[PDB]
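> The following block contains the structure, expressed as C-alpha cells.
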Amino acid sequence: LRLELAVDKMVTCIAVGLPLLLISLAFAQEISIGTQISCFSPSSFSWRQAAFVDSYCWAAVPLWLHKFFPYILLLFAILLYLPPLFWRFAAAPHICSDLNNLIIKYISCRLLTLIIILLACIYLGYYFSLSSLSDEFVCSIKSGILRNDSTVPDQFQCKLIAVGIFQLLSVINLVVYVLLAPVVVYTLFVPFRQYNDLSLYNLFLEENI
Amino acid sequence: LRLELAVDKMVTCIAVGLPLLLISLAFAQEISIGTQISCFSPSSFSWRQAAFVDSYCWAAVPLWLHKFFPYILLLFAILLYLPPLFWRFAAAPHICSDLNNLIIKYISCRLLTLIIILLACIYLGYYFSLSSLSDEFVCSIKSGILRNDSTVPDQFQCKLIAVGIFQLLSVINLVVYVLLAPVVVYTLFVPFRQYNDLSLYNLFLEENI
Amino acid sequence: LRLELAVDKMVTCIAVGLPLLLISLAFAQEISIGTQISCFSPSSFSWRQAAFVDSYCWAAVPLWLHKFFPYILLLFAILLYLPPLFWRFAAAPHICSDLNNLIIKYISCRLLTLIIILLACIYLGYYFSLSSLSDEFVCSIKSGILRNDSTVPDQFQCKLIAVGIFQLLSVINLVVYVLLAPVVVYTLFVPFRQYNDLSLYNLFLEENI
Amino acid sequence: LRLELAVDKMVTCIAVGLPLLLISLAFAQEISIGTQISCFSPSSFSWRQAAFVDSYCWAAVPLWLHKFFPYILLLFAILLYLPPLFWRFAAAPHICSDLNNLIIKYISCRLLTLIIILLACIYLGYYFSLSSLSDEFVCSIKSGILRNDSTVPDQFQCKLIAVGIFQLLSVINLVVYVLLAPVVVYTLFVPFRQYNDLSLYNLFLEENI
Amino acid sequence: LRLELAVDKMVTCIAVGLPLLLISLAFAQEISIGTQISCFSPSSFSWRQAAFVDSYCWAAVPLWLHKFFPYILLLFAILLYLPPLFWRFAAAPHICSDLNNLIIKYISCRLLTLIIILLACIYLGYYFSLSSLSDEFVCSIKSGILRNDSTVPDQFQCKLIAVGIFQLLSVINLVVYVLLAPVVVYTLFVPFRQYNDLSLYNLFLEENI
Amino acid sequence: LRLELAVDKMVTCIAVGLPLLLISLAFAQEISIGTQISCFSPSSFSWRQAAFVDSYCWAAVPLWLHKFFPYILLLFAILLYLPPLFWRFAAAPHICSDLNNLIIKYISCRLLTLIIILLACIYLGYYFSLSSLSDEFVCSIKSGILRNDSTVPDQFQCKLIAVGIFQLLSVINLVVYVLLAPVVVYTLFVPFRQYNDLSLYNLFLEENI
Amino acid sequence: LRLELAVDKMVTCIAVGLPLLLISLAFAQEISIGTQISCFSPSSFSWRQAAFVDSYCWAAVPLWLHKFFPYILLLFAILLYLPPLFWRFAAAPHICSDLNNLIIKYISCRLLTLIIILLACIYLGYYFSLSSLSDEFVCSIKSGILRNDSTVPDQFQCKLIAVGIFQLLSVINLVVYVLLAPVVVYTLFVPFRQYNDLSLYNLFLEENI
C-alpha cells in the first residue's frame, strides 16, 4: 500500500530535511560560543551598560539576512513542504479508489518544487557571494535623551559571530540543491520514465503490485 | 468516518497553528538575546540597582501592545479555535445519527471565524503601521521615598528589544490572514460548492462514502 | 456510555481550566523577567547584602493578595473542582444501575458551583478595584541587632513586579466568570430544559441513547 | 472488583495527598525566591566569604522545626500511608477468598489513622502558635581559628525566608485535618453504618455487587 | 504464581529502599544550599582563588566518613540487595519445577541479610556517636611552590555543610534497622512459622494456592 | 526474514556508530571544561570586553580543521551511511520478490564504502600528523574603528582547548578504520566466500533459511 | 528459550556494568564540586585571565591517566563487552538449529574475557599504586607572545580535584575484578562442570529443558 513514487519521496525527504539539519547544526553547543552579537564597549561601563549596548545594537538593524537566516531557512523548508501536502489531498481519494487532470496536478506540484529549489539556489548563492568581512558594523546608541551627554562615545564597533558557519552551511546547502534539480526535472518528464493519465497510472502501479 | 469537510479542516488547522508558531519563533534561542527590556543606568549603579531599574520600568507601562503581544496572539488563537469547538457539539449527534437549523449553525460558525479573521487582520495592520522607533521611552523611578534624593537622576532611556521580530511576524501573519479569507468566504456559500439542509447533507456525504 | 450532561461538563471544564491557564501564563518566560520583588539598595552594598534586603522585605509582608495570588487562584480551582467530584460518587452507582433525593444532590452541587463562581467574581472585582500604584511600599530592615548601627539607612523603597499581569488576568477571569453564571443558573432549572427524579432521568437519557 | 469502602479510600487519598501537595507548593518557582537563609554580612566581605557565612549559619542550628519542616510533613505522610498498607496485606487474602479477628484489624488500622491525624493536628497547631518574628536569630562564626582575629565581627543577623509560607500551609493543613477526623471516627463505628465479622462483610458486599 | 514469602519480600523492599530514599532526601533542593564545603578565604582573594582553596581543601582529606557517606549508604544497599539476588538463582528452578539443601541456602541468605543489617546498625551508631562539632577543620594550601611565599596565610578554617542532615538521617536509618532485625530473625526460625525441606515446602505452598 | 549479510551489517553498524560516539565523547561534561577557545586579554578589560575578544577571535579563523572537526566527523558518518541506504532501495524489491546487474550494484556499494573508509583514514592521519603545539595563534582585533586607538594592544595570544582530545579520538578512529578495511575488501570478493548473480543468491539464502 | 549459561551471563553483566557504574558515581552532583582542575592565579588577574590559565593548563598535559581515566574505564567496558558479542553471532545459528569447533570458539571467548580482566587488574593496580600527592604539578603559560613580558609569573601551581575518588573507585574495581577471575576460570574448564562438543551440548541443555 504505497501512495507515492520512491524517487519523489526520497527527494521530498532530503529537500525538507536538509535545512532543518543545518539550523540544528549552526547553533549546536559543540560549534558555537554563547553570544550571537558582540560590541566593544569602553572600559568605564559596567556589565549592565555593556549588555544594554549589545541588546540595543542587536535590535537596531544587507544585514537583515545575517540576523534572520534561520527563519529564512525555515521558510524555505515550509514552502518546499507545501507541494507534497497539496499533492496528498488531491491524490489519495482518486488513487485510493482506483488502486487528463491528475497530470496537471502532478506536473504543477513538481514544477512548484522546482521553482522553490531554484529560488533557494539563487538566495544561497547571493548569501555566499557577499563579503565575509561585511559582518561587522558601526552602531550608535546616541538617540533620545542620550543625544547630548558626552559620557558615552559616538561609535561602537559591533560584530556578529555565527556568520561564518552560515556561509559554510549555505555553501553545503547550495551544493546539494544544485544536484538535486536534475532528479526532479527527470521526474518532471512523466511518459518517458515508464501526457495522459494512463501513463501516470502505469508508473503508479509498477511499484504497488 | 470523516465528520468534517477537508477544506474547512485545513483552514481551521492553519488559522490556529500560525499564531502559536509565531509565538514559538519570536522567543527562540536562535533569534533572540536574553533580556526583553534594557535601560541605560548611570555608571555609579551596582548590578542590583540596574536590575531594579530595569524591573521597575518593565512594570511601569501605545506600549501595552509591545508588552502583551504574545498574549494577544494567544487570545486570537483561542477565539479562533472556539467556532469549530462549538460546531462539533451541535454537529456530531446529528451527523452520527443520520450518516433548516444546521444551515444556521454552520453559517454562524463560519461567519464568526470570518469576523475573528478580519479583526485579527485589522489589529495586525495597526500593529505594523506604528513607528518602529516608537519602541523606546523615558522612564522615571523617582516616586515614593525616591522623590527628593539627588543620588539617582530623573530620566532613564529604556528600550524594548524583541519588537522588530514582532513587526516582522505580524507582517507574515497579516499576509497569510488576508489570503485566508477568500477560502472561508467561498466555503460560506453553501449551495454552490456541491440554503436548505439537503445541500449540506450532499456536501457532507460526497467525501464520506 | 455518557454519565454527564454536555453543557454541565463543558462548564466544569472551563471553570477549572481557566485559573490554571492564567497561573501558567502569568509566570511564563515570554512575559516576565526573573525577579518578583525589587528593592533599591544604596550604592555601598555588595550583591549579597542587596539580596539579603530583597529576601527580607519579600518575607516581611492589603499586600497579602499581591504575594499569594497564584495560591488563591489554585484554591478557587480546587474548591470549584470539588462539586463534580462529590457528584460522581453519588451519581455513578445509581445511574450505572438504572441506565426525590437525586434532585437534592444535583441542585446542591450546582448551587455550590454557583456560590463559588460568585465568590470568585467578588474577589477578582476587589482585586482589580484597588490602586495599581498600591504595589510598592517602604520596608525597613532595622530590627534585632541592626536597630542601632547607622551603616544601613531606615527606609527602603520596594516594588513588586508581576502585579500588572495579575490585574489583567483577573480582569479576563472576571469577564469569563460573569458570563459563565447564566449558563449554570439555566442548568439549575431542571424541569424546563427537557422537581421530580423522573425529569432528571429524562434529561439523562436524551443524550445517552 | 473493589476491595475497599469508597469513603475510607477518599479519606486515605486526601490525608496523604495534602502534605505532599503543600511541600510541592512551598518551594514553587512562582511563590519563592532562590535562597532559603540570608545573613547580613558586612561590606568588606567578598562573595565567597558571605556565602561561607550563610552556609555556616545554615548548618549551625525551636529553630529545628523551621529547617526540617518538609521532612516532618513527609514523615506524617509516610506514617499516615502505613495503616492502609498494613490493611491490604491482612485483607486481600481473606476478602479475595470469601468475596471476630478482622474487626480487630480494621478497628486498629482506623484507630492508628485517627491517632496520626490527631498528632499532626497538635504539631501543626504548635507550629502556627509560635511567633512569626521568631524566625530570625543571631549567629556567630567565631570558632576554631577564627576566635581571636578582629577582622570579622561577633554577631551576624540571620533570617529564614520561607517560614511565612510554612505558617500559612500549616494553617491550611490544620483546617483540613480538623474536619477530616469526624469522617474517620464515623467510619470507626462499624455496625451502625450498614462488632461482629458479619457486619463487616455486609458493608463490604453492599458496594461490590 | 508467587515465588516468595510476603513478610520476607516486604523486609527486602524496605531494607534496600530506605538508604536510597535517604540519599535522595539529603541532597534535595528543598533542604540544602548549593555548596558542600566552605572555607573562609581572606579578603584579598578573588573568586577564582577562593574557589581554588575550597576545591583544594575538599580534595585534601575521621573525616573520610563525612565525605563518602552517600557512597557508604549505596554500598550497604548493594550488599543488602545481594542475598535475595543469590536466592532467586538457587530457588526459581527448583520451585518452578516442584510447584535438605534448600534449608541451607535459605538460612544462609537470611543470615547474611541479618549480618549486613547488624553491621549497618553498628556503622550508623558509630556515625551518630561522634561529635557534631567535629565537622570543621584547619586546612593548609601551603605545599609545592606555595611553601615559601607570604601572600597567602597558613591556616584556613574549613567547614562541611551537609553533615547535620547526615546525622539525622543516620539516626532515622538506625531506628528503622534496629526494629527490622526481630522480623528477619523471626523468619530465620523456619519450622515454627508454619530443619527439613518439607517444612519449607509447606510454608511456600500456603500462600501460592 | 533477513535482508542482509551479518558481517556486512556489523561493518556498517561499526563504521557509522564510531564517529558519532567520538563526537559524543569529545564534549562530555566529564572530560571537558566549559570554554572552547581562550584568549589572554590584558588586565584593564572588563568581563564583556574579554568576552568580545574571545568571541571575535573565535569567529576570525590549517586551523579550519581545529574548529570544524565534529562537522567533518558527521560528514564522514553521513557519507558512509549513504551506500547501505542506496543498497536497500535497489535490493529489497528484487530480494523480497525472489526470496548480472545486482552484482554491479553490490560491488559498487561496497567499493564506495571502501573509498570513503580510505579517505577517512587519510584525513585522520593528516589530522594526527600535524603539530600539537599548532593549536594556538596570534589574533588581532584591530580593524574598523579600532584601527587607530591605542587603548587595546595589537597581539592577543589565543588557544583552542579541546584539540588534544581531538588528536586522541582521531588516533582511535584511525586504528579502527585501518583494520576495518580488510573485512570489507574480503566481502568485496563475492564468489569465494560461499561474478554471477547465482553466487549472490547462494550467499543470500545461506543465512535466510 | 535460553541461549546462555546463567553463571556466564551474570559474570558478563557484572564485568561490564561495574565500570559504567563507577563512571556514573565519580561525577555525581552529590560527591563532586564543579571544577575538575584548579590553578592558583595571582591576585592581579581578572576572572577571564584565571579561566584562561585553568583552561590552558588543563590542555597542556604520568598525568595522562589522571585526565583520561573515564575514557579508559569505558575502553575496558567496550573491550570486555566484545567477547559475548562475538559469541552470539557464532552461537545463535548452531544452537537455534540444534536446540569440535564450538569448543574452540567458547574457550577463546572466555580466554579473551580472562585476559581483559587480568589487564584491567594490572592497570588498576598500577593506578592505585602511584602517589596520591602526585596529582598536582607546576604549569607555565609563558609561550608564544607571552615569553618575554613580566606581567605574568613563571610558575603556576595546578591541582586536579577528582583524583581521590578515582583512587577509591579503582580500589573497588580491583577488589571486584580479583575475585571475579576464579569464576570465569572455573567456567573455562568445560567438561568438569556437567573437550568435545557433546559436553558443551550437555551443559547447554541442562538449563534449557
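Ordering of the C-alpha cells sets the chain letters (A, B, ...); residue numbers start at 1 within each chain; ligands are numbered from 1 in the order shown.
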Using only C-alpha atoms, which protein or nucleic acid residues come within 7 Å of stretch 32-47 of chain A? Drop anything in the same chain fewer than 2 positions from it, and give the result as a PDB file with N, CA, C and O atoms, in the first residue's frame.

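Ended up saving to out_29.pdb:
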ATOM      1  N   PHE A  27      23.670  26.085  15.562  1.00  0.00           N
ATOM      2  CA  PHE A  27      23.581  26.590  16.927  1.00  0.00           C
ATOM      3  C   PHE A  27      23.838  25.486  17.938  1.00  0.00           C
ATOM      4  O   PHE A  27      23.333  25.531  19.062  1.00  0.00           O
ATOM      5  N   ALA A  28      24.614  24.483  17.545  1.00  0.00           N
ATOM      6  CA  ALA A  28      24.972  23.412  18.455  1.00  0.00           C
ATOM      7  C   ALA A  28      25.944  23.916  19.514  1.00  0.00           C
ATOM      8  O   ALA A  28      26.670  24.892  19.309  1.00  0.00           O
ATOM      9  N   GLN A  29      25.923  23.249  20.671  1.00  0.00           N
ATOM     10  CA  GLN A  29      26.847  23.575  21.754  1.00  0.00           C
ATOM     11  C   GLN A  29      28.291  23.375  21.316  1.00  0.00           C
ATOM     12  O   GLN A  29      29.169  24.176  21.653  1.00  0.00           O
ATOM     13  N   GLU A  30      28.559  22.279  20.610  1.00  0.00           N
ATOM     14  CA  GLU A  30      29.865  21.951  20.044  1.00  0.00           C
ATOM     15  C   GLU A  30      30.512  23.094  19.259  1.00  0.00           C
ATOM     16  O   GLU A  30      31.659  23.451  19.536  1.00  0.00           O
ATOM     17  N   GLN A  49      25.508  48.055  31.517  1.00  0.00           N
ATOM     18  CA  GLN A  49      25.566  49.015  30.420  1.00  0.00           C
ATOM     19  C   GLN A  49      26.053  48.366  29.131  1.00  0.00           C
ATOM     20  O   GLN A  49      25.531  48.657  28.050  1.00  0.00           O
ATOM     21  N   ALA A  50      27.051  47.485  29.218  1.00  0.00           N
ATOM     22  CA  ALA A  50      27.517  46.797  28.020  1.00  0.00           C
ATOM     23  C   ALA A  50      26.467  45.822  27.507  1.00  0.00           C
ATOM     24  O   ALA A  50      26.332  45.628  26.293  1.00  0.00           O
ATOM     25  N   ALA A  51      25.706  45.210  28.416  1.00  0.00           N
ATOM     26  CA  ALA A  51      24.587  44.373  27.999  1.00  0.00           C
ATOM     27  C   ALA A  51      23.508  45.205  27.322  1.00  0.00           C
ATOM     28  O   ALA A  51      22.887  44.754  26.354  1.00  0.00           O
ATOM     29  N   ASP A  54      24.900  45.960  23.741  1.00  0.00           N
ATOM     30  CA  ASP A  54      24.754  44.789  22.878  1.00  0.00           C
ATOM     31  C   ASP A  54      23.294  44.534  22.527  1.00  0.00           C
ATOM     32  O   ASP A  54      22.972  44.239  21.370  1.00  0.00           O
ATOM     33  N   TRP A  58      21.841  44.955  18.765  1.00  0.00           N
ATOM     34  CA  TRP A  58      21.249  43.759  18.178  1.00  0.00           C
ATOM     35  C   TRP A  58      19.859  44.042  17.632  1.00  0.00           C
ATOM     36  O   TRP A  58      19.437  43.408  16.660  1.00  0.00           O
ATOM     37  N   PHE A 156      30.364  52.599  18.090  1.00  0.00           N
ATOM     38  CA  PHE A 156      30.580  51.318  18.750  1.00  0.00           C
ATOM     39  C   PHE A 156      30.786  50.269  17.674  1.00  0.00           C
ATOM     40  O   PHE A 156      29.892  50.045  16.854  1.00  0.00           O
ATOM     41  N   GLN A 157      31.949  49.631  17.668  1.00  0.00           N
ATOM     42  CA  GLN A 157      32.200  48.555  16.719  1.00  0.00           C
ATOM     43  C   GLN A 157      31.443  47.316  17.169  1.00  0.00           C
ATOM     44  O   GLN A 157      31.641  46.841  18.291  1.00  0.00           O
ATOM     45  N   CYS A 158      30.579  46.791  16.307  1.00  0.00           N
ATOM     46  CA  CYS A 158      29.809  45.601  16.621  1.00  0.00           C
ATOM     47  C   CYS A 158      30.102  44.521  15.595  1.00  0.00           C
ATOM     48  O   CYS A 158      30.386  44.812  14.430  1.00  0.00           O
ATOM     49  N   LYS A 159      30.015  43.270  16.037  1.00  0.00           N
ATOM     50  CA  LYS A 159      30.396  42.126  15.221  1.00  0.00           C
ATOM     51  C   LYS A 159      29.442  40.979  15.499  1.00  0.00           C
ATOM     52  O   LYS A 159      29.228  40.614  16.659  1.00  0.00           O
ATOM     53  N   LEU A 160      28.852  40.435  14.441  1.00  0.00           N
ATOM     54  CA  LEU A 160      28.120  39.184  14.534  1.00  0.00           C
ATOM     55  C   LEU A 160      29.101  38.021  14.517  1.00  0.00           C
ATOM     56  O   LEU A 160      30.176  38.101  13.920  1.00  0.00           O
ATOM     57  N   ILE A 161      28.725  36.929  15.169  1.00  0.00           N
ATOM     58  CA  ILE A 161      29.644  35.836  15.458  1.00  0.00           C
ATOM     59  C   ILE A 161      29.356  34.611  14.599  1.00  0.00           C
ATOM     60  O   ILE A 161      30.267  34.029  14.012  1.00  0.00           O
ATOM     61  N   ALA A 162      28.090  34.211  14.501  1.00  0.00           N
ATOM     62  CA  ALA A 162      27.726  32.944  13.879  1.00  0.00           C
ATOM     63  C   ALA A 162      27.580  33.043  12.366  1.00  0.00           C
ATOM     64  O   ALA A 162      26.870  32.228  11.765  1.00  0.00           O
TER      65      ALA A 162
ATOM     66  N   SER B  43      26.758  55.061  35.501  1.00  0.00           N
ATOM     67  CA  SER B  43      27.920  54.238  35.802  1.00  0.00           C
ATOM     68  C   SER B  43      28.310  54.268  37.273  1.00  0.00           C
ATOM     69  O   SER B  43      29.448  53.927  37.609  1.00  0.00           O
TER      70      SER B  43
ATOM     71  N   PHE F  45      40.700  45.084  31.051  1.00  0.00           N
ATOM     72  CA  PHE F  45      39.469  44.779  30.339  1.00  0.00           C
ATOM     73  C   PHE F  45      38.432  44.241  31.311  1.00  0.00           C
ATOM     74  O   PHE F  45      38.749  43.438  32.191  1.00  0.00           O
ATOM     75  N   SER F  46      37.188  44.676  31.138  1.00  0.00           N
ATOM     76  CA  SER F  46      36.086  44.107  31.896  1.00  0.00           C
ATOM     77  C   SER F  46      35.760  42.706  31.380  1.00  0.00           C
ATOM     78  O   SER F  46      36.420  42.167  30.487  1.00  0.00           O
ATOM     79  N   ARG F  48      32.946  41.892  29.763  1.00  0.00           N
ATOM     80  CA  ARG F  48      32.306  41.960  28.454  1.00  0.00           C
ATOM     81  C   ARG F  48      33.319  42.194  27.341  1.00  0.00           C
ATOM     82  O   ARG F  48      33.161  41.673  26.233  1.00  0.00           O
ATOM     83  N   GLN F  49      34.379  42.952  27.619  1.00  0.00           N
ATOM     84  CA  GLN F  49      35.399  43.174  26.600  1.00  0.00           C
ATOM     85  C   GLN F  49      36.198  41.909  26.318  1.00  0.00           C
ATOM     86  O   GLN F  49      36.512  41.613  25.160  1.00  0.00           O
ATOM     87  N   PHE F  52      34.091  39.752  24.297  1.00  0.00           N
ATOM     88  CA  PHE F  52      34.119  40.224  22.915  1.00  0.00           C
ATOM     89  C   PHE F  52      35.383  39.770  22.199  1.00  0.00           C
ATOM     90  O   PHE F  52      35.330  39.392  21.028  1.00  0.00           O
TER      91      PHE F  52
END
> Within 10 Å of residue C:166, counting only C-alpha atoms, which residues show up once you throw out same-chain ones fewer than 3 positions away? Write them as a list in words, please.
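Final neighbour list, sorted by chain and number: residues 22, 23, 26, 66, 69, 70, 124, 127, 128, 161, 162, 163, 169, 170, 171 and 172 of chain C.
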> Generate a file of the selected residues that holds N, CA, C and O atoms, formatted as a PDB file, in the first residue's frame.

ATOM      1  N   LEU C  22      -4.307  30.752  33.637  1.00  0.00           N
ATOM      2  CA  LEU C  22      -3.819  32.085  33.976  1.00  0.00           C
ATOM      3  C   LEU C  22      -2.577  32.022  34.857  1.00  0.00           C
ATOM      4  O   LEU C  22      -1.672  32.852  34.715  1.00  0.00           O
ATOM      5  N   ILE C  23      -2.511  31.048  35.767  1.00  0.00           N
ATOM      6  CA  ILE C  23      -1.295  30.851  36.558  1.00  0.00           C
ATOM      7  C   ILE C  23      -0.136  30.452  35.654  1.00  0.00           C
ATOM      8  O   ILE C  23       1.000  30.909  35.837  1.00  0.00           O
ATOM      9  N   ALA C  26       0.935  33.724  33.755  1.00  0.00           N
ATOM     10  CA  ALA C  26       1.468  34.864  34.493  1.00  0.00           C
ATOM     11  C   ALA C  26       2.958  34.749  34.780  1.00  0.00           C
ATOM     12  O   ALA C  26       3.605  35.775  35.008  1.00  0.00           O
ATOM     13  N   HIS C  66      -1.216  40.398  46.932  1.00  0.00           N
ATOM     14  CA  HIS C  66      -0.226  40.577  45.878  1.00  0.00           C
ATOM     15  C   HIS C  66       0.850  39.505  45.904  1.00  0.00           C
ATOM     16  O   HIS C  66       1.496  39.269  44.879  1.00  0.00           O
ATOM     17  N   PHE C  69      -1.337  35.510  45.303  1.00  0.00           N
ATOM     18  CA  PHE C  69      -2.354  35.443  44.251  1.00  0.00           C
ATOM     19  C   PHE C  69      -2.424  34.097  43.525  1.00  0.00           C
ATOM     20  O   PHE C  69      -3.549  33.604  43.313  1.00  0.00           O
ATOM     21  N   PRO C  70      -1.315  33.454  43.109  1.00  0.00           N
ATOM     22  CA  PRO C  70      -1.467  32.133  42.475  1.00  0.00           C
ATOM     23  C   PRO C  70      -2.030  31.077  43.403  1.00  0.00           C
ATOM     24  O   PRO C  70      -2.768  30.197  42.947  1.00  0.00           O
ATOM     25  N   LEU C 124     -12.230  38.747  42.566  1.00  0.00           N
ATOM     26  CA  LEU C 124     -11.495  39.317  41.445  1.00  0.00           C
ATOM     27  C   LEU C 124     -11.888  40.765  41.188  1.00  0.00           C
ATOM     28  O   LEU C 124     -11.037  41.572  40.792  1.00  0.00           O
ATOM     29  N   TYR C 127      -9.956  42.636  43.696  1.00  0.00           N
ATOM     30  CA  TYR C 127      -8.540  42.660  43.348  1.00  0.00           C
ATOM     31  C   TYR C 127      -8.257  43.653  42.233  1.00  0.00           C
ATOM     32  O   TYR C 127      -7.216  44.319  42.237  1.00  0.00           O
ATOM     33  N   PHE C 128      -9.158  43.760  41.258  1.00  0.00           N
ATOM     34  CA  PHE C 128      -8.950  44.743  40.203  1.00  0.00           C
ATOM     35  C   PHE C 128      -9.239  46.161  40.686  1.00  0.00           C
ATOM     36  O   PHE C 128      -8.634  47.115  40.182  1.00  0.00           O
ATOM     37  N   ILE C 161       6.688  43.246  41.010  1.00  0.00           N
ATOM     38  CA  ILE C 161       6.861  43.364  39.569  1.00  0.00           C
ATOM     39  C   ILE C 161       5.693  42.752  38.805  1.00  0.00           C
ATOM     40  O   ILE C 161       5.154  43.369  37.886  1.00  0.00           O
ATOM     41  N   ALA C 162       5.275  41.545  39.180  1.00  0.00           N
ATOM     42  CA  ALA C 162       4.309  40.786  38.398  1.00  0.00           C
ATOM     43  C   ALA C 162       2.866  41.141  38.725  1.00  0.00           C
ATOM     44  O   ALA C 162       1.968  40.321  38.504  1.00  0.00           O
ATOM     45  N   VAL C 163       2.615  42.347  39.235  1.00  0.00           N
ATOM     46  CA  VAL C 163       1.281  42.689  39.715  1.00  0.00           C
ATOM     47  C   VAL C 163       0.373  43.180  38.582  1.00  0.00           C
ATOM     48  O   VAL C 163      -0.831  42.905  38.596  1.00  0.00           O
ATOM     49  N   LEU C 169      -4.988  39.599  34.216  1.00  0.00           N
ATOM     50  CA  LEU C 169      -5.538  38.249  34.222  1.00  0.00           C
ATOM     51  C   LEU C 169      -6.766  38.144  35.115  1.00  0.00           C
ATOM     52  O   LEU C 169      -7.678  37.369  34.812  1.00  0.00           O
ATOM     53  N   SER C 170      -6.831  38.930  36.191  1.00  0.00           N
ATOM     54  CA  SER C 170      -8.045  38.946  36.993  1.00  0.00           C
ATOM     55  C   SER C 170      -9.196  39.605  36.249  1.00  0.00           C
ATOM     56  O   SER C 170     -10.347  39.194  36.418  1.00  0.00           O
ATOM     57  N   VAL C 171      -8.910  40.608  35.411  1.00  0.00           N
ATOM     58  CA  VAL C 171      -9.954  41.191  34.567  1.00  0.00           C
ATOM     59  C   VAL C 171     -10.495  40.153  33.592  1.00  0.00           C
ATOM     60  O   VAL C 171     -11.713  40.016  33.419  1.00  0.00           O
ATOM     61  N   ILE C 172      -9.595  39.405  32.946  1.00  0.00           N
ATOM     62  CA  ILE C 172     -10.016  38.372  31.995  1.00  0.00           C
ATOM     63  C   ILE C 172     -10.842  37.298  32.700  1.00  0.00           C
ATOM     64  O   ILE C 172     -11.899  36.870  32.209  1.00  0.00           O
TER      65      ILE C 172
END
> If you measure from atom CA of residue F:97 to atom CA of residue A:94, what distance in Å do you get, rounded to one decimal?
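Computed distance, atom CA of residue F:97 to atom CA of residue A:94, equals 27.5 Å.
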> Quick one: residues within 10 Å of residue B:72, only C-alpha atoms, excluding same-chain residues fewer than 4 positions away - as a list in words?
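Near residue B:72, the qualifying residues are residues 19, 65, 67, 68, 76, 77, 78, 120 and 123 of chain B.
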> Determine the nearest neighbour of residue D:4 from the options D:82, D:115, D:146, D:203, counting only C-alpha atoms.
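Result for the nearest residue to residue D:4: D:203.
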> Near stretch 190-201 of chain F, counting only C-alpha atoms, which residues have an atom at most 9 Å away, once you skip same-chain residues fewer than 4 positions from it, shown as a count of residues only?
11
> Within stretch 105-172 of chain F, find each residue whose DSSP state, derived from the backbone, is alpha helix (DSSP H), and express the selection as a ChimeraX atom specification.
/F:105-129,163-172
> Measure the distance from atom CA of residue F:189 to atom CA of residue F:204 in Å and round it to one decimal.
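So the answer is 14.4 Å.
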> Please, what distance in Å, to one decimal, runs between atom CA of residue A:149 and atom CA of residue B:152?
16.0 Å
> Counting only C-alpha atoms, which of G:176, G:80, G:141, G:10 gets nearest to residue G:121?
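Checking each candidate against residue G:121, we get G:176 as the closest.
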> Name the residues of stretch 39-144 of chain B that fall into strand (DSSP E or B) according to DSSP on the backbone, using the chain letters and numbers of this document, as a PyMOL selection string.
chain B and resi 39+136-139
> Here is a test: counting only C-alpha atoms, which residue of B:108, B:57, B:62, B:168 is nearest to chain C?
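For chain C, the nearest of the given residues is B:57.
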